[PDB]
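Visitor:
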RNA sequence: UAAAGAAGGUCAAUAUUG
RNA sequence: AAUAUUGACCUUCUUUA
């Protein structure tokens with residue numbers, strides 16, 4: 666019954682610097698009986714469930730690091746991180762529990778890091794998939810920064826755009842770097858009708874493309 | 029927890045005409061579940077307890093005349109009387125019972141009526157008070173209109189200003205007229221030292237003053 | 002036939018306490034709630050609190066928390082309110098009113114006048130007021146009493162029409178009241194007219210016949 | 303010590319119903335409230351309701367009334383959440399959260415993914431990835447063509463947790479495909495057994511493909 | 001009799017403290 | 001011990017069928 670508003674939607678800082686995020690409630694969440702602010706902060710890392718960080722606006726739950734600190738009262742509240750670690754990458758929701766239970770929009774925290782060149786590796790089709798009649802060439806690009814990256818497949822020097830499946834990860838919990846996987850799937854017949862297979866990667870850390878190829882032989 | 033405010037603290041109309049009074053609440057008294065206004069009107073005649081007139085803003089309680097009608101919703105409400113009777117002289121409070129129980133300031137209603145001449149009567153002291161040593165001369169002036177009246181006591185033609193006690197009533201429930209009592213108190217010794225005692229009243233219904241006197245043993 | 006009969010008025014010394022009763026009849030005493038209301042002389046109304054006689058639950062106004070105590074007795078359909086550490090501001094009329102659970106006020110009692118003062122009690126002195134055609138007036142004087150209220154009736158209530166009771170007036174630290182009644186010259190002196198006075202504080206009652 | 307173990311994933315046909323569970327332990331079951339929270343893919347959190355196991359008292363969100371039904375079982379200290387007449391908008395992850403009476407959320411469950419679709423289950427095909435024919439070596443494991451989500455992946459039963467990258471599943475041709483990579487030192491391969499563990503609970507599939515030279 | 005809402009009481013528990 | 005809160009049961013009131 667009380668609307669929460671988190672601002673900004675996204676934030677990026679370097680590791681080891683301070684951050685501040687805001688939660689604004691339509692009505693006041695300060696109860697007059699106990700003189701407490703019915704506000705709580707929760708963290709949600711990629712692939713995990715929410716975790717309680719702060720309750721009563723400023724009280725830190727047991728087990729939580731000392732980097733997180735809550736502040737505010739009435740309708741304006743703030744969550745602060747004194748020193749951001751790579752693991753702090755997550756979305757943080759503010760929550761009121763005075764009149765029913767309503768959540769905020771959430772705030773995403775990004776970690777700024779130095780440049781990092783991608784490490785490329787190619788893998789030919791497995792004898793298992795071949796006996797089944799298919800051929801997939803996988804191309805891994807791990808631990809690079811920034812996230813902007815472009816991949817290109819070539820068969821015998823000719824660019825191919827069809828039959829490609831790409832997937833990207835979020836910033837690592839230890840390195841704050843990105844990784845990408847690219848897979849090109851063909852039939853066993855067509856796979857054996859060509860000799861060369863190539864991965865062409867475009868990244869900011871190099872003017873010329875990063876190339877990784879293998880030839881049937 | 030909700031403040032009520034009535035606009036007309038005092039208002040006067042003639043007998044047989046309609047009347048309208050307002051009650052304004054700070055917050056809304058309309059409940060959304062049942063769609064009802066938690067407002068009530070009560071009447072209090074002089075010398076009696078309050079009486080329920082209307083509830084749910086417009087619902088009329090049983091036994092009350094059909095002249096009273098409630099109206100309004102939300103925060104502005106009105107109590108109306110189609111034709112004012114002499115008995116309608118009273119104070120009317122509006123009441124909210126949604127968030128705690130709070131009352132309004134109340135509205136006093138006066139009845140306008142035609143002129144009426146006072147009926148004066150004088151009374152010598154009683155043999156009981158005399159045996160005790162005192163003497164009180166009472167002067168009743170009943171059923172007159174308008175209320176503006178001045179009474180003065182005279183002993184053998186001389187005006188007396190000390191030792192006088194006056195009391196007034198409100199408009200009658202049947203006549204809508206006023207009445208007044210005036211008492212002059214002396215000792216039996218001083219009482220027996222004079223012959224004539226008079227209460228003289230001045231009212232709009234007569235150009236010359238109204239006189240009423242008696243003489244000790246005449 | 003819902004009827005609420007409250008107890009008589011009380012004169013209390015400063016700092017002491019007092020308890021009054023509201024006897025109910027004409028309905029199921031337990032099913033409905035009994036409110037109490039205060040009315041200072043010449044001022045408006047004020048809610049104190051209410052009680053649920055079934056299980057004796059109470060809900061008080063914040064302003065009367067430590068001042069009023071509400072109890073009940075289902076065997077006799079009687080509500081009680083007790084006031085503690087009375088001051089001058091507590092001098093007022095106190096009503097009892099029935100509602101629902103909680104609903105609104107629907108029935109009211111006649112009220113109980115409470116006077117807080119250290120002044121002693123003084124019973125009145127009643128005097129008949131007799132005259133010296135077609136219409137005769139008689140009066141009755143209640144002089145020098147304390148505190149309020151006083152009860153005055155004509156022929157034990159048999160005479161109600163044409164009666165004018167005047168409000169009491171304070172003077173010399175005492176109250177005084179008077180009442181008049183007009184009848185037909187054929188009804189007096191043949192038919193007896195009598196004045197009946199009662200003063201609860203002094204525990205006194207007098208009947209003064211109007212004689213020619 | 304307080305732990306909340308939620309049931310596994312579920313695939314439901316449109317219009318049908320489903321019932322999940324949240325088994326509590328590490329505290330007094332009847333002394334605390336159990337909330338339930340919804341989270342659509344790529345969206346935020348939302349409250350549904352809660353139960354008081356002592357009297358089985360309910361308190362629902364106005365929008366979920368008639369959609370969700372909460373019950374409890376003190377004998378097993380397990381709370382249940384039933385959803386009726388499922389539709390497309392009901393595909394989401396559902397958490398169970400403990401509080402007080404009612405208080406605030408303080409302990410969460412792992413969640414239970416729900417897929418509402420008429421499509422039927424399909425088990426994946428796992429394939430090992432090794433170099434063709436420096437100081438490090440990278441191996442991979444391809445999980446191609448399965449429905450519905452999710453799928454679990456663990457290298458060497460979990461003993462290998464450093465230097466691993468699991469990529470999110472991508473939908474294509476009405477089937478999901480996943481991949482994963484792991485990097486170790488040149489001395490660690492092929493002198494040590496590196497094997498890929500894959501489990502598709504919907505199809506009750508469990509495969510362990512070793513990476514060969 | 002049934003639905004919804006409200007007041008009080010008892011019971012279990014939670015929160016704020018002293 | 002006090003205040004406040006959620007749920008259940010019970011009595012009763014209120015708006016409706």
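Protein chains in written order, with the working numbering: chain A, 666 to 882; chain B, 29 to 246; chain C, 2 to 213; chain D, 303 to 515.
A virtual CB, placed ideally from N, CA and C, is assigned to each residue, including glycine.
1) If you compare alpha carbons, which of C:53, C:133, C:174, C:132 is closest to residue 100 (chain C)?
2) Among B:49, B:218, B:228, B:74, which one has its Cα closest to the Cα of residue 199 (chain B)?
3) Under a three-way DSSP split, which group does residue 28 (chain C) fall into?
4) For residue 76 (chain B), count neighbouring C-beta atoms within 10 Å of its own C-beta (all shown protein chains included) and say buried if the count is 16 or more, exposed if not.
5) Let me see if you follow: with CB-CB separation under 8 angstroms, is residue 691 (chain A) close to chain D or not?
6) Could you tell me which uninterrupted beta strand (DSSP E) segments, each at least 3 residues in length, are contained entirely in the segment 698-758 of chain A, listed from first to last along the chain?
7) Compare the Cα-Cα distances from residue 202 (chain C) to each of C:141, C:95, C:76, C:116 and report the closest residue.
8) Nearest to residue 851 (chain A) by alpha carbon, out of A:814, A:759, A:802, A:738?
9) Please list the residues of the segment 408-435 of chain D that have a C-beta atom closer than 9 angstroms to any C-beta atom in chain A, keeping them in chain order.
10) For residue 745 (chain A), which residues of its own chain have a beta-carbon under 6 angstroms away from its beta-carbon, when the five flanking residues on both sides are left out?
11) How do the segment 215-224 of chain B and the segment 74-93 of chain C stand: do at least 3 beta-carbon pairs fall below 8 angstroms, yes or no?
12) In chain order, what are the residue ranges of uninterrupted alpha helix (DSSP H) at least 4 long that sit wholly in the segment 125-203 of chain B?
13) Where in the segment 377-404 of chain D do unbroken runs of the beta strand (DSSP E), each at least 3 residues long, occur, reported from the N-terminal end onward?
14) Let me know the secondary structure DSSP gives residue 489 (chain D) once reduced to three states.
15) For chain D, check one thing: does any of its Cβ atoms lie closer than 8 angstroms to the Cβ of residue 807 (chain A)?
16) Sort B:126, B:149, B:92, B:88 by Cα distance to residue 242 (chain B) and report the nearest one.
17) Alpha carbon to alpha carbon, how far is residue 304 (chain D) from residue 408 (chain D)?
18) Comparing C-alpha positions only, which one of C:185, C:46, C:196 sits nearest to residue 109 (chain C)?
19) Residue 174 (chain B) versus chain C: which residues are under 8 angstroms apart at the beta carbon?
20) Determine the burial state of residue 7 (chain C): buried for a count of at least 16 other Cβ atoms within 10 Å of its Cβ, exposed for fewer.
21) Could you pull out every residue in the same chain whose Cβ sits closer than 7 angstroms to the Cβ of residue 389 (chain D), ignoring the five residues on either side in sequence?
22) Under 8 angstroms, with one C-beta from each stretch per pair, do the segment 475-493 of chain D and the segment 424-440 of chain D reach the 3-pair mark?
23) Chain C beta carbons: is any one of them nearer than 8 angstroms to that of residue 113 (chain B)?
24) Does the beta-carbon distance from residue 121 (chain B) to residue 100 (chain B) come in below 8 angstroms?
25) Indicate whether at least one CB of chain C lies closer than 8 angstroms to the CB of residue 199 (chain B).
26) Residue range of the beta strand (DSSP E) that residue 217 (chain B) falls in?
27) For the ligand PLP, is there a heavy atom less than 7 angstroms away from the beta-carbon of residue 860 (chain A)?
28) Classify residue 133 (chain C) as buried or exposed, calling it buried when 16 or more other Cβ atoms lie within 10 Å of its own Cβ.
29) When we look at the beta-carbon of residue 696 (chain A) and count the other beta-carbons within 10 Å, is it buried (16 or more) or exposed?
30) Can you tell me which of the three DSSP states residue 39 (chain C) falls into?
31) How many Å lie between residue 810 (chain A) and residue 780 (chain A) at the Cα?
32) Does any residue of chain D bring its CB to less than 8 angstroms from the CB of residue 783 (chain A)?
33) With 8 angstroms set as the bound, which would you pick, yes or no: does the beta-carbon of residue 48 (chain C) sit closer than that to a beta-carbon of chain B?
34) What is the DSSP secondary structure of residue 460 (chain D), counted as helix, strand or coil?
35) So the beta strand (DSSP E) residue 199 (chain C) belongs to, where does it begin and stop?
36) Just to confirm before moving on: does the CB-CB distance between residue 421 (chain D) and residue 449 (chain D) stay below 8 angstroms?
Guide: On the basis of the supplied data:
1) As a first step, residue 100 (chain C) must be located in the third chain, where it is residue number 99. Minimum Cα distance to residue 100 (chain C) is reached at C:53.
2) The residue you call residue 199 (chain B) lines up with position 171 of the second chain. The residue with the shortest Cα to Cα distance from residue 199 (chain B) is B:74.
3) Taking the third chain and counting its residues from 1, one reaches residue 28 (chain C) at position 27. Coil.
4) Position 48 of the second chain, counted from the first residue, corresponds to residue 76 (chain B). Result: exposed.
5) Along the first chain, one-based indexing puts residue 691 (chain A) at 26. Not an interface residue.
6) 704-709, 716-720, 733-738, 741-746
7) As a first step, residue 202 (chain C) is located in the third chain; it is residue number 201 there, counting from the start. Of C:141, C:95, C:76, C:116, the smallest CA-CA separation from residue 202 (chain C) is found for C:116.
8) As a first step, residue 851 (chain A) must be located in the first chain, where it is residue number 186. Ranking the options by Cα distance to residue 851 (chain A), first place goes to A:802.
9) Hits within the stretch, in order: 408, 409, 410, 411, 412, 413, 427, 428, 429, 430, 431, 432, 433, 434, 435.
10) Locating residue 745 (chain A) in the first chain gives position 80, counting from the first residue. If we look at residue 745 (chain A) and ignore the five residues flanking it on each side, its Cβ neighbours are 685, 734.
11) Under the Cβ criterion (8 angstroms, minimum of three pairs), the segment 215-224 of chain B does not count as touching the segment 74-93 of chain C.
12) 155-160
13) 380-385, 394-400
14) As a working note, residue 489 (chain D) is residue 187 in the fourth chain. Three-state result, residue 489 (chain D): helix.
15) In the first chain, the residue the question calls residue 807 (chain A) occupies position 142. Output row for residue 807 (chain A): interface = yes.
16) On the second chain, residue 242 (chain B) is found 214 positions in, with the first residue counted as 1. Checking every option, the nearest Cα to that of residue 242 (chain B) belongs to B:149.
17) Residue 304 (chain D) sits at position 2 when you count from the first residue of the fourth chain. Residue 408 (chain D) sits at position 106 when you count from the first residue of the fourth chain. If you take the alpha carbons of residue 304 (chain D) and residue 408 (chain D), they lie about 10 angstroms apart.
18) As a working note, residue 109 (chain C) is residue 108 in the third chain. It is C:46.
19) On the second chain, residue 174 (chain B) is found 146 positions in, with the first residue counted as 1. Neighbours of residue 174 (chain B) across chain C, judged by C-beta separation under 8 angstroms, do not exist; the nearest C-beta is about 18 angstroms away.
20) As a working note, residue 7 (chain C) is residue 6 in the third chain. It is buried - the Cβ of residue 7 (chain C) has at least 16 other Cβ atoms within 10 Å.
21) For the purposes of this step, residue 389 (chain D) is taken as residue 87 along the fourth chain, with counting starting at 1. Excluding positions up to five away in sequence, the list reads 316, 418.
22) yes
23) What you label residue 113 (chain B) is simply residue 85 of the second chain in a count that begins at 1. No - not a single Cβ of chain C is within 8 angstroms of the one on residue 113 (chain B).
24) Walking along the second chain from the start, residue 121 (chain B) turns up at place 93. Walking along the second chain from the start, residue 100 (chain B) turns up at place 72. Taking 8 angstroms as the Cβ cut-off, residue 121 (chain B) and residue 100 (chain B) do not qualify as a contacting pair.
25) Start at 1 with the first residue of the second chain, and residue 199 (chain B) comes out as number 171. No, residue 199 (chain B) lies away from the interface with chain C (no Cβ there is under 8 angstroms from its Cβ).
26) Working through the second chain from its first residue, we reach residue 217 (chain B) at position 189. Premise fails: residue 217 (chain B) lies in the alpha helix (DSSP H), 216-219, not in any beta strand (DSSP E).
27) Summarising the ligand content, the structure contains no ligands, and the ligand PLP is consequently not present.
28) Within the third chain, residue 133 (chain C) is the residue found at index 132, counting from 1. It is exposed - the Cβ of residue 133 (chain C) has fewer than 16 other Cβ atoms within 10 Å.
29) Residue mapping note: residue 696 (chain A) aligns to position 31 of the first chain, counting from 1. It counts as exposed.
30) As a first step, residue 39 (chain C) must be located in the third chain, where it is residue number 38. Strand, per DSSP.
31) Translated into positions along the first chain, residue 810 (chain A) becomes position 145. Translated into positions along the first chain, residue 780 (chain A) becomes position 115. Roughly 5 angstroms separates the two Cα atoms.
32) For the purposes of this step, residue 783 (chain A) is identified with residue 118 of the first chain, where counting begins at 1. With 8 angstroms as the cut-off, residue 783 (chain A) does not count as an interface residue toward chain D.
33) The residue given as residue 48 (chain C) occupies position 47 in the third chain. Chain B, which has a Cβ nearer than 8 angstroms to the Cβ of residue 48 (chain C), makes this yes.
34) The count along the fourth chain starts at 1 and reaches residue 460 (chain D) at position 158. Helix, per DSSP.
35) By one-based count along the third chain, residue 199 (chain C) stands at place 198. 195-200 is the span of the beta strand (DSSP E), which, as asked, contains residue 199 (chain C).
36) Here residue 421 (chain D) refers to the residue found at position 119 when the fourth chain is read from its first residue. Here residue 449 (chain D) refers to the residue found at position 147 when the fourth chain is read from its first residue. Yes; because the gap between Cβ atoms is below 8 angstroms, this pair is in contact.
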